[PDB]
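Visitor:
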Amino acid sequence: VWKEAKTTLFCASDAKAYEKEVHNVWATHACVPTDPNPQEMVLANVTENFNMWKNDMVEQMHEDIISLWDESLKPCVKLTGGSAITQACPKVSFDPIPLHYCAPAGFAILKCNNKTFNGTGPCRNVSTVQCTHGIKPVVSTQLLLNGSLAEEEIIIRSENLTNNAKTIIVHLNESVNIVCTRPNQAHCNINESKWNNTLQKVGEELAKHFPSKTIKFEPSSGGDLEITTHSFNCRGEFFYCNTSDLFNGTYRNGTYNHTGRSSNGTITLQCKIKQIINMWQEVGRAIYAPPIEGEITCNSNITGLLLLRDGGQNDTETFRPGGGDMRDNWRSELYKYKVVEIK
Amino acid sequence: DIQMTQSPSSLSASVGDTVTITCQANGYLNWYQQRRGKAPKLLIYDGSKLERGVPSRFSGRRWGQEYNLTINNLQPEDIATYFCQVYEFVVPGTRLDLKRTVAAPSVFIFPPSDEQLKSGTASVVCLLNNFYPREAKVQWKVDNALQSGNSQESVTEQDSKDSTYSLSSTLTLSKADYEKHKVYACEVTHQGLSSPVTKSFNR
Amino acid sequence: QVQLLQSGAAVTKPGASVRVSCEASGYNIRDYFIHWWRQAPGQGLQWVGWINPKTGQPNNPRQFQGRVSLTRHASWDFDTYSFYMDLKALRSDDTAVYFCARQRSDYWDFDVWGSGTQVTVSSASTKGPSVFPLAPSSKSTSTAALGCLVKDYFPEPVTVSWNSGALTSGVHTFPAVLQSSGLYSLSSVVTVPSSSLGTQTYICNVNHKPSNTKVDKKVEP
Ligand SMILES: *[C@@H]1O[C@H](CO)[C@@H](O)[C@H](O)[C@H]1NC(C)=O
Ligand SMILES: *[C@@H]1O[C@H](CO)[C@@H](O)[C@H](O)[C@H]1NC(C)=O
Ligand SMILES: *[C@@H]1O[C@H](CO)[C@@H](O)[C@H](O)[C@H]1NC(C)=O
Ligand SMILES: *[C@@H]1O[C@H](CO)[C@@H](O)[C@H](O)[C@H]1NC(C)=O
Ligand SMILES: *[C@@H]1O[C@H](CO)[C@@H](O)[C@H](O)[C@H]1NC(C)=O
Ligand SMILES: *[C@@H]1O[C@H](CO)[C@@H](O)[C@H](O)[C@H]1NC(C)=O
Ligand SMILES: *[C@@H]1O[C@H](CO)[C@@H](O)[C@H](O)[C@H]1NC(C)=O
Ligand SMILES: *[C@@H]1O[C@H](CO)[C@@H](O)[C@H](O)[C@H]1NC(C)=O
Ligand SMILES: *[C@@H]1O[C@H](CO)[C@@H](O)[C@H](O)[C@H]1NC(C)=O
Ligand SMILES: *[C@@H]1O[C@H](CO)[C@@H](O)[C@H](O)[C@H]1NC(C)=O
Ligand SMILES: *[C@@H]1O[C@H](CO)[C@@H](O)[C@H](O)[C@H]1NC(C)=O
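So the sequences go chain by chain: G, L and H. Heads up: the first sequence is residues 44 to 124, 198 to 300, 328 to 354, 356 to 399, 403 to 460, 463 to 492, going by the entry's author numbering. Heads up: the second sequence is residues 1 to 27, 32 to 91, 96 to 211, going by the entry's author numbering. Heads up: the third sequence is residues 1 to 52, 52A, 53 to 71, 71A to 71D, 72 to 82, 82A to 82C, 83 to 100, 100A to 100B, 101 to 132, 135 to 213, going by the entry's author numbering.
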């Protein structure tokens, strides 16, 4: 009664047209208010196939957020190799709002129900919602500052585990808190006790598909500062937190040992607000004004990892933090969805 | 954990011959051709799919973990090493040789010159002239003792005249170590020999 | 038209560093990873690692992690990409030819390769060759073979001619092999008639143009 197809999806939102922040501003002249009562036509005994790495919905979400950052958080001077531009660079409120994405009439979004679904292959339990659940679009490398969590066991996501060129996405089960501040040279704060427990159980799942090997965690192997260093954006400020002591441990025999230089039972990552930024959206460099005066703090809860396995021959797989392409972030949320035409 | 093996190592055929090589693998396999001292050339990808611009006489069949590469009607321009590749892993490959009659190598051995002894170094050169196939085994023996880790050997290319090869091994050691022994031998093994042949000399 | 242009042959002393470039052009460069391979004499291709053009993210095996760093440099309209491979602490077995290649698809098929650059790790500066005679002390039939020995020179190459170019029949010049001392060494032998000794003058002509060294040598037992 249905087949797979492509459609120009529209976004649903619970935003407000009276807010200062550029997210509510955008999500009103670009999105349609929520239902908020969608129908859950859930039925069993029907199997469907999904693929989070070749999914059409991801590219559309990538497009709208691109227009968001471009017209919202405006820089001072951009460089496009042979053609620069100068404009006004006003500071503004910057806090993401959870968004939805819906299919028009004649089309339908299929939803998997197997909470242990990795991201590719068939799925026994299917349902149909006209839209998608509340999803917060957070741009962040290495770590996923905000997202959902599976109440079930930890799931590993990759287009191919055998392919070391494919970025690995780790969907956790328990939330891990992260606090990045700028008192009146910044820094993050992560609870080592929780962090040790998380990487303990991550290794158990990594040693499932790679049993014989001892799992490791080394810092990034190099590249731009945006990818090597865990970069994000709090209230419009481009933070770059040194992660060299965050990913510095070893997992063997069902136990994980972290180095990490924890000077007070808490992981401290030296952050720094930059003004020269390699743009993730368009190819070029964008310059910004110095931070705001006062406190700059946002309490985040990392729900996922972005890792890349090193290739070669030693019965010991080392994993370094990755990312770069912001599509992967939204694949870890849209993994359970797919566009399907009713006709 | 990717396991890949390729057979055979040595291979010989004439012009217009139909040739086949096999490579056991558990992943995406690609076939390559590499001429001497040059970059590898892609031929077959995904075990079957033919690369554009590549002669149609090349072909590959995929089933299970067994991968074949087939070259119908061999050509002189096809004499090169062929290696199969899965992801990060590359097998040494199969060397394609211009087929000829099995021939025994003419073994020679040359004692170190006096001028070199002045320098404090001594080099003994064993010679394997005009032979086929390429596969040969040269072991150095000093006072009935096998030498390991002090000998280098260079092999010439297949001649367009007689289609044979030449091998020159060189035992390198100090004059101090050269003047502690007497008999210097040179054992050579080849498919064209009834038994290993030794050529020695004394001081 | 997609072409990957690598740098010229580089000779570096051990311990020091070397840089191997690879000018990529003629395609949608950002959408394809660039991998590196090295080729020691004979053996098989060795994976050095890949690099993400847009990101700059490298991926090296543990045997290279620390000594190698893969970087890139864009152009004006991005029609030219410069992929740099830096190898910090060079050792003896780092001497090889490195190949800049392009990952076309997820099948890991490499359709476009560079010509390659000869990286020779040695600290021999520039020296002429030492010519040593090869002759049979004891006459046991041996149908007879003799030659010369080109020893301890740098760098390549050495042209070897017999009897000022007269003798070409049965002449075999062997490819030079790089010794552990950081000096090249080859040998050239010729098959001579058994009765030719004494009634024939055998002279080899070793030429080393880099160090401007040409030596004539006469060999007889
Ligand atoms: C299908 O999945 C839903 C959760 O999304 C669950 O409530 C329901 O029990 C599942 N159906 C069956 C038969 O297990
Ligand atoms: C997902 O499950 C299928 C089998 O149902 C398996 O082939 C595939 O490798 C899995 N994907 C991941 C990301 O592990
Ligand atoms: C985390 O996942 C492990 C996998 O077995 C599970 O045992 C544990 O209960 C989970 N903890 C959480 C997040 O509740
Ligand atoms: C790390 O976390 C695990 C799981 O919570 C815990 O059992 C273990 O004691 C911790 N390891 C160390 C040595 O602190
Ligand atoms: C993540 O979500 C938390 C809770 O709503 C919020 O306080 C925080 O600002 C978010 N992190 C960022 C910077 O996106
Ligand atoms: C992060 O900090 C570590 C420790 O000082 C340093 O070695 C590393 O270079 C830093 N990373 C970057 C790329 O700034
Ligand atoms: C785990 O490690 C301990 C030593 O710490 C060893 O005694 C035990 O055999 C190991 N168990 C397994 C199954 O690896
Ligand atoms: C791992 O952490 C320790 C403690 O900070 C540090 O000394 C070491 O250099 C780190 N290793 C890296 C950078 O991979
Ligand atoms: C972090 O996530 C957990 C999930 O249970 C939530 O309880 C907590 O309020 C979050 N912290 C904040 C304030 O973002
Ligand atoms: C991943 O790649 C391997 C390469 O052999 C292939 O066998 C496997 O089917 C791939 N997994 C999928 C279906 O994505
Ligand atoms: C591969 O070729 C061999 C002969 O060389 C043949 O025996 C075998 O059937 C072939 N494998 C397949 C499955 O095509």
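Quick reminder that beta carbons are idealized off the backbone N, C-alpha and C, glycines included.
Work out the CA separation of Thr70 (chain H) and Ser162 (chain L) for me, nearest whole Å.
Guide: Here residue 162 (chain L) is taken as the residue at index 154 of the second sequence, counted from 1. Here residue 70 (chain H) is taken as the residue at index 71 of the third sequence, counted from 1. Their Cα atoms are separated by approximately 37 Å.
Visitor: Between the segment 154 to 176 of chain L and chain G, which residues of the former have CB atoms less than 9 Å from a CB of the latter, in chain order?
Guide: none
Visitor: Thinking C-beta only, is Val245 (chain G) closer than 8 Å to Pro76 (chain G)?
Guide: Taking the first sequence and counting its residues from 1, the one referred to as residue 76 (chain G) is at position 33. Taking the first sequence and counting its residues from 1, the one referred to as residue 245 (chain G) is at position 129. No. Outside cutoff.
Visitor: Is any heavy atom of ligand 7 found at a distance shorter than 7 Å from the C-beta of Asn397 (chain G)?
Guide: Start at 1 with the first residue of the first sequence, and residue 397 (chain G) comes out as number 253. It does: the Cβ of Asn397 (chain G) is within 7 Å (strictly closer) of some heavy atom of ligand 7.
Visitor: Report the rounded CA-to-CA distance for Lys63 (chain G) versus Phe63 (chain H), giving the unit in angstroms.
Guide: Working through the first sequence from its first residue, we reach residue 63 (chain G) at position 20. Working through the third sequence from its first residue, we reach residue 63 (chain H) at position 64. Spanning the two alpha carbons is a distance of roughly 51 Å.
Visitor: Whose CA, out of G:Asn279, G:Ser209 and G:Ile201, lies closest to the CA of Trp50 (chain H)?
Guide: Position 50 of the third sequence, counted from the first residue, corresponds to residue 50 (chain H). G:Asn279 is the residue among G:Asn279, G:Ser209 and G:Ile201 whose C-alpha sits nearest the C-alpha of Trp50 (chain H).
Visitor: Can you tell me the Cβ-Cβ gap for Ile491 (chain G) and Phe53 (chain G), rounded? I've got them flagged as a contact below 8 Å.
Guide: Your numbering for residue 491 (chain G) matches position 342 in the first sequence. Your numbering for residue 53 (chain G) matches position 10 in the first sequence. No, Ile491 (chain G) and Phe53 (chain G) are not in contact; Cβ-Cβ is about 17 Å, not under 8 Å.
Visitor: In the structure shown, what three-state DSSP assignment does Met100 (chain G) receive?
Guide: Numbered from 1 along the first sequence, position 57 holds the residue referred to as residue 100 (chain G). Here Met100 (chain G) sits in helix by DSSP.
Visitor: Examine chain G for any beta-carbon lying closer than 8 Å to the beta-carbon of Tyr91 (chain L), and answer yes or no.
Guide: One-based indexing of the second sequence puts residue 91 (chain L) at position 87. It does; some Cβ of chain G falls within 8 Å.
Visitor: Looking at the C-beta of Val133 (chain L), does it have a partner C-beta in chain H at a distance below 8 Å?
Guide: Position 125 of the second sequence, counted from the first residue, corresponds to residue 133 (chain L). At least one chain H Cβ lies under 8 Å of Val133 (chain L).
Visitor: Please report the residue range of the beta strand (DSSP E) in which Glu195 (chain L) lies.
Guide: Residue numbering aside, residue 195 (chain L) sits at position 187 when the second sequence is read from its first letter. Residue range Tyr192 to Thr197 is occupied by the beta strand (DSSP E) that includes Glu195 (chain L).
Visitor: Can you tell me whether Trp338 (chain G) is helix, strand or coil according to DSSP?
Guide: On the first sequence, position 195 is the one that residue 338 (chain G) refers to. The answer is helix: DSSP assigns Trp338 (chain G) an H, G or I state.
Visitor: Show which residues of chain H have a CB atom less than 9 Å away from the CB atom of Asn280 (chain G).
Guide: Here residue 280 (chain G) refers to the residue found at position 164 of the first sequence. Those within 9 Å of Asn280 (chain G) in chain H are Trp50 and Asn58.
Visitor: For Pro123 (chain H), go through chain L and note every residue whose CB falls closer than 7 Å to its CB, in chain order.
Guide: In the third sequence, counting from the first residue as 1, residue 123 (chain H) sits at position 133. What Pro123 (chain H) touches in chain L: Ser121.
Visitor: Closer than 7 Å: is that where the CB of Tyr32 (chain L) sits relative to any heavy atom of ligand 10?
Guide: Here residue 32 (chain L) corresponds to residue number 28 of the second sequence, with the count starting at 1. At least one heavy atom of ligand 10 is nearer than 7 Å to the Cβ of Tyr32 (chain L), so yes.
Visitor: Going by C-alpha to C-alpha distance, which of L:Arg103, L:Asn138, L:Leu181 and L:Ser202 sits closest to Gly128 (chain L)?
Guide: Taking the first residue of the second sequence as position 1, residue 128 (chain L) is located at position 120. Measuring from the Cα of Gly128 (chain L), the nearest candidate turns out to be L:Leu181.
Visitor: For the beta strand (DSSP E) containing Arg469 (chain G), name the first residue and the last one.
Guide: Walking along the first sequence from the start, residue 469 (chain G) turns up at place 320. Here the beta strand (DSSP E) through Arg469 (chain G) covers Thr467 to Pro470.
Visitor: With H, G and I counted as helix, E and B as strand and the rest as coil, what does DSSP make of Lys421 (chain G)?
Guide: By one-based count along the first sequence, residue 421 (chain G) stands at place 274. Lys421 (chain G) falls in the strand class under three-state DSSP.
Visitor: By the 10 Å Cβ neighbour count, where 16 or more other Cβ atoms means buried, how is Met84 (chain G) classified, buried or exposed?
Guide: On the first sequence, position 41 is the one that residue 84 (chain G) refers to. Here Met84 (chain G) is exposed. Its C-beta has fewer than 16 other C-beta atoms within 10 Å.
Visitor: Is any beta-carbon of chain G found at less than 8 Å from that of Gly27 (chain L)?
Guide: The residue you call residue 27 (chain L) lines up with position 27 of the second sequence. Taking Cβ atoms only, chain G reaches closer than 8 Å to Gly27 (chain L), which makes this a yes.
Visitor: What does a CB cutoff of less than 6 Å around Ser63 (chain L) pick up in its chain, not counting 5 residues either side in sequence?
Guide: Translated into positions along the second sequence, residue 63 (chain L) becomes position 59. Same-chain partners within the cutoff: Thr74.
Visitor: What residue does the alpha helix (DSSP H) around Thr12 (chain H) start on, and which one ends it?
Guide: Your numbering for residue 12 (chain H) matches position 12 in the third sequence. That residue, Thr12 (chain H), is in no alpha helix (DSSP H); its beta strand (DSSP E) goes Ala10 to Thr12.
Visitor: Let me see if you follow: with CB-CB separation under 8 Å, is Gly458 (chain G) close to chain L or not?
Guide: The residue given as residue 458 (chain G) occupies position 311 in the first sequence. Closer than 8 Å to the CB of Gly458 (chain G) there is at least one CB belonging to chain L.
Visitor: Drop a sphere of 10 angstroms on the beta-carbon of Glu123 (chain L), count the other beta-carbons inside from all chains shown, and report buried for 16 or more, exposed for fewer.
Guide: Residue numbering aside, residue 123 (chain L) sits at position 115 when the second sequence is read from its first letter. When all chains shown are included, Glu123 (chain L) counts as exposed.
Visitor: If you check the beta carbons only, do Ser161 (chain H) and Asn197 (chain H) fall under 8 Å apart?
Guide: Indexing the third sequence from 1 puts residue 161 (chain H) at position 169. Indexing the third sequence from 1 puts residue 197 (chain H) at position 205. Cβ atoms of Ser161 (chain H) and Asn197 (chain H): not closer than 8 Å.
Visitor: Return the bridge partner residues of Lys487 (chain G) from the DSSP annotation.
Guide: Within the first sequence, residue 487 (chain G) is the residue found at index 338, counting from 1. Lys487 (chain G) is bridged by DSSP to G:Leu226.
Visitor: Can you look up residue 134 (chain H) in the DSSP assignment and give me helix, strand or coil?
Guide: Chain H lacks the residues between 132 and 135, and residue 134 (chain H) is one of those with no coordinates.
Visitor: Tell me whether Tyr76 (chain H) is buried or exposed, calling it buried when 16 or more other Cβ atoms sit within 10 Å of its Cβ.
Guide: Along the third sequence, read from residue 1 onward, the residue named residue 76 (chain H) stands at position 81. Buried: at least 16 other Cβ atoms inside 10 Å.
Visitor: Whole angstroms is fine: what's the gap from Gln171 (chain H)'s alpha carbon to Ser177 (chain H)'s?
Guide: Within the third sequence, the letter at position 179 stands for residue 171 (chain H). Within the third sequence, the letter at position 185 stands for residue 177 (chain H). Whole-angstrom Cα-Cα distance: 7 Å.
Visitor: Would you say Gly8 (chain H) lies against chain L (beta-carbon separation less than 8 Å)?
Guide: Walking along the third sequence from the start, residue 8 (chain H) turns up at place 8. For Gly8 (chain H), the answer is no, since every Cβ of chain L falls outside 8 Å of its Cβ.
Visitor: Beta-carbon within less than 7 Å of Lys143 (chain H)'s beta-carbon, same chain only, minus the 5 sequence neighbours each way: which residues are those?
Guide: Against the third sequence, residue 143 (chain H) aligns to sequence position 151. Result list for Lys143 (chain H): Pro119, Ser120, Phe122 and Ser177, in chain order.
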